[PDB]
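Chemist: Sequence first, structure after, both from an experimental entry:
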Amino acid sequence: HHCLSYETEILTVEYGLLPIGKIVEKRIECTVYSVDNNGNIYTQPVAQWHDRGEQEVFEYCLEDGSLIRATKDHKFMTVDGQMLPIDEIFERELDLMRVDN
Amino acid sequence: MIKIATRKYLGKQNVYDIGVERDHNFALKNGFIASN
């Protein structure tokens, strides 16, 4: 398993941005925003919650000051719609998808 | 266009996942799209 730091903020319909740590520790029922392979944004419920125990965490800081704090193998979407480990996006100097909500 | 500038190790921490159906991804603050 690969996973995100407590403080990583997920956008919810009901509550706005909430740390994933709160969502999982309290098993908060909520609705998040997802993107399909054509770039359409839609909303859907959180279906499951998992505490993944203790793992190595890295902080990745973008040119715009934004931060991603996660396990290095956790996958994120690139501009061209691939799902790749954040550490690989860093090492290969790839472009993260950025949706404006 | 907006690269990851730096990587810093923060040690071992208690970490988390959520799961959704359909495309198995969700939006974060600042517009990133994370996998389940």
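Modeler: That came in fine, so what should we check first? Numbering: from 1, shown residues only, chains lettered A, B, ... in the order given.
Chemist: report the longest strand in chain A, please.
Modeler: strand A:48-62 (DSSP state E).
Chemist: Show me what that one is packed up against.
Modeler: helix A:20-25, strand A:67-70, helix A:86-91, strand B:4-19 (3 or more CB pairs under 8 Å, 6 or more residues apart in numbering or on different chains; DSSP states H and E). The C-beta positions use only the backbone N, C-alpha and C, and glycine is treated the same way.
Chemist: Provide the strand pairings for the helix or strand just after the longest one, with the direction of each partner.
Modeler: Stepping forward along the backbone from strand B:4-19, the first helix or strand reached (DSSP states H and E) is strand B:25-27. When sheet partners are counted by DSSP bridges, strand B:25-27 sits next to strand B:33-35 (antiparallel).
Chemist: how close does residue A:3 sit to residue A:28?
Modeler: As judged by CB to CB, to the nearest Å, residue A:3 and residue A:28 stand 17 Å apart.
Chemist: do residue B:4 as well
Modeler: From residue B:4 to residue A:28 the distance is 29 Å (CB to CB).
Chemist: Ok, residue A:85 next?
Modeler: Residue A:85 sits 27 Å away from residue A:28, going by CB to CB.
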